[PDB]
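Novice: Sequence, then the experimental structure. Questions to follow.
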Amino acid sequence: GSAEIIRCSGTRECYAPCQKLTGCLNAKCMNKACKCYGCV
């Protein structure tokens, strides 16, 4: 892991990499990059 950004064309593309990092399915594609929101 040294990719610091995940590029995306929509939110569906963010779930997998955000889950890998955080353990949770909670993400949003904004400005063609993923936001990983993490876990409650």
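Specialist: Thanks, I have it. Numbering: from 1, shown residues only.
Novice: contacts, neighbours, all on C-alpha from now
Specialist: Noted.
Novice: need the contact list for residue 5.
Specialist: The contact partners of residue 5, taken as CA atoms under 8 Å, 6 or more residues apart in numbering, are 33, 34.
Novice: does it count as helix, strand or coil?
Specialist: With DSSP: H, G, I helix; E, B strand; the rest coil as the basis, residue 5 sits in coil.
Novice: going forward, begin numbering at 4 instead of 1
Specialist: With 4 as the first residue, the last one maps to residue 8.
Novice: how close does it sit to residue 37?
Specialist: With distances taken as CA to CA, to the nearest Å, residue 8 is found 7 Å from residue 37.
Novice: Repeat that for residue 7.
Specialist: 10 Å.
Novice: Identify the residue spatially nearest to residue 13, adjacent ones excluded.
Specialist: Leaving aside its sequence neighbours, residue 13 sits nearest to residue 32 (CA to CA, 6 or more residues apart in numbering; 5.2 Å).
Novice: Wait, a strand at the one you found?
Specialist: Yes - under three-state DSSP, residue 32 sits within a strand.
Novice: number of nearby residues for it?
Specialist: Counted with other CA atoms under 10 Å, residues neighbouring residue 32 total 19.
Novice: Report the contact partners of it.
Specialist: 11, 12, 13, 14, 15, 16, 17, 38.
Novice: make it 7 Å
Specialist: Residue 32 sits next to 11, 13, 14, 17, 38 when contact means CA atoms under 7 Å, 6 or more residues apart in numbering.
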